[PDB]
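Have a look at the structure below, then the notes.
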Amino acid sequence: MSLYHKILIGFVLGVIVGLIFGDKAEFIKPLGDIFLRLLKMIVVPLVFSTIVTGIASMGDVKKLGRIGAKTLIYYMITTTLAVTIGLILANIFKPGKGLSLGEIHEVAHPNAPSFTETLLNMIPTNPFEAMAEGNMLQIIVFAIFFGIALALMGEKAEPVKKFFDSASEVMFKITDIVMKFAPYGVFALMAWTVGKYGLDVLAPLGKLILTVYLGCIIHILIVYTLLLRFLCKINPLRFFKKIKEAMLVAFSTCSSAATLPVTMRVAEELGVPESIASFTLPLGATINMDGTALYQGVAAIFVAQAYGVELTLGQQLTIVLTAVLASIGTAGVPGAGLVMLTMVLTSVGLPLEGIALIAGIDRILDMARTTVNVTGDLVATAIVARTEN
């Protein structure tokens, strides 16, 4: 029985156990927290080693520059589309209508940290400090510099190239060992999640959850489907059938970085060159704002409607933006997007209670956000590979 089927069995059994035992499933959470700890334990060394090896194996920096430019353009386009879809749905469906958490009042212009500060902080002043702090973007930037240096160096870098290639292989092996525990970790995660988030407690926020899930589904089935159909020119159904395991793991785990090994292994099954994937997927594991864009766009409008502050198109745009902007790097960190949105909305002046309302169901939305993020990462990989082959 394939690992995917074991993970699916664990997923469905965990869902059933959570439905039956309800809150009593909390005792099984540690078995899932162990799985999350093991997965997160690999992201940093794996990302660094794989990025350096991938850039070294290409041997030319012009190709890397082309790939980076195309990936950045694709992510900007998909983030814009995700923001558009989120705003459209939050307006068509009004999850915040009727909550009446507070009285209606005018709102001031949002304030967020300067864009230059976010750009400058992407450059580590100490690579080992970035590695220790788990700063994924700084690690990625240092890895890009290191890989470019290795690709240009040639013979003198042979020991470094070989060591980092072997290190990447070892991290992939570690992932292989860890995933033998994947069915039980997914079982525990799903049991805990379903037990905690009963349908009774989700009733007051049913509209918000439905809107977020519908937006994610629309994004996957339209933005990614059309891109695959036309730009990359492959059958979308077969593509999704190929990446079922990655989507399932991302949904269960709620963290793109933890799912990164799964996406990279699945990419091989799609036939994309290893060198291209090694650069695109780890970078997209931090820069992909699709799911975060949808979540934040929906949540800001939900909070505004809960307090009755109808927002003009300009206010809506400048609120979802500067928020996806301030969360550009921290989005990989769990709960960082929620904190950034909280700060932006507090700057807008909305009370904290509305934002704290979403925090209760953050995991339910996180599932969809992570699924969208990994699907977009794989789609970006495929599209970039197509325009190179």
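Volume of the convex hull of region 33-186 (Cα atoms only), normalised per residue: 202 Å³. Per-residue packing, averaged as other Cβ atoms within 10 Å, sorts the ranges 142-149, 177-184 into the order 142-149, 177-184, beginning with the highest. Every helix of 4 or more DSSP H residues in the chain counts as -39500 (n - 2.57), and over all residues that averages to -23500 deg cm²/dmol at 222 nm. Of the trypsin sites (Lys or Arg not before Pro) found in region 64-133, the ones in coil according to DSSP and having at most 14 other Cβ atoms within 10 Å of their Cβ are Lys97. Taking the Cα centre of the chain as reference, the dipole from Cβ charges on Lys and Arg (+1) and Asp and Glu (-1) amounts to some 1020 debye. Can you tell me the 0 to 90 degree angle between the C-alpha axis of helix 158-179 and the longest principal axis of the chain, rounded to 10? Computed tilt is about 50 degrees. The long axis of helix 43-58 is offset from the longest Cα principal axis of the chain by roughly 50 degrees. Taking every C-alpha pair closer than 8 Å and separated by at least 6 residues, the mean separation divided by the residue count of region 200-344 gives a relative contact order of 22 percent. Peptides 192-201, 297-306, ordered by how many other C-beta atoms sit within 10 Å of their residues on average, highest first, read 297-306, 192-201.
The fraction of all Cα pairs in region 178-227 landing in successive 10 Å bins from 0 to the largest distance is 21, 27, 34, 17, given as whole percents.
Dipole orientation for region 3-386: of the candidates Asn235, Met58, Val223, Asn235 has the Cα lying most toward the positive pole (charges on Cβ; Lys, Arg +1; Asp, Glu -1). Here region 366-389 and region 89-112 have alpha carbon centers that stand 32 Å from each other. Please give the helix 29-40 orientation as an angle from the longest Cα principal axis of the chain, in degrees from 0 to 90, rounded to the nearest 10. Between the helix axis and the principal axis of the chain, the angle is about 40 degrees. Take the Kirkwood radius over Cα pairs of region 123-250, plug it into Stokes-Einstein at 20 °C and 1.002 mPa s, and you get 110 µm²/s for translational diffusion.
Legend: residue pairs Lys29/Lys94; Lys62/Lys156; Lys6/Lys242; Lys196/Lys241; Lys207/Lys242; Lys6/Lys233, Cα-Cα distance threshold 25 Å; pairs beyond threshold, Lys29/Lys94; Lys196/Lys241; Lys207/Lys242; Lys6/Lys233. Taking 37 °C and 0.692 mPa s as conditions, region 169-308 diffuses translationally at an estimated 189 µm²/s according to Stokes-Einstein applied to its Kirkwood radius (Cα pairs).
When only Cα pairs below 8 angstrom with a gap of at least 6 residues are kept, region 285-389 shows a relative contact order of 42 percent.
Each peptide in 243-249, 51-57 gets a packing score, the mean of other Cβ atoms within 10 Å over its residues, and the list from highest to lowest is 51-57, 243-249. Cα centroid separation, region 13-48 to region 116-185: 25 Å. Across all directions, the average flat footprint of the convex hull enclosing the Cα atoms of region 28-118 is 12.0 nm². With the convex hull of its Cα atoms as the shape, the chain has an orientation-averaged projected area of 19.1 nm². Once C-alpha pairs closer than 8 Å and six or more residues apart are averaged by separation and normalised to the residue number of the chain, the relative contact order reads 33 percent.
Using ideal geometry, Cβ is built from the backbone for each residue, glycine included, and neighbour counts are taken over all protein chains shown. Here, each number is a calculation from the coordinates, and none is a lab measurement.
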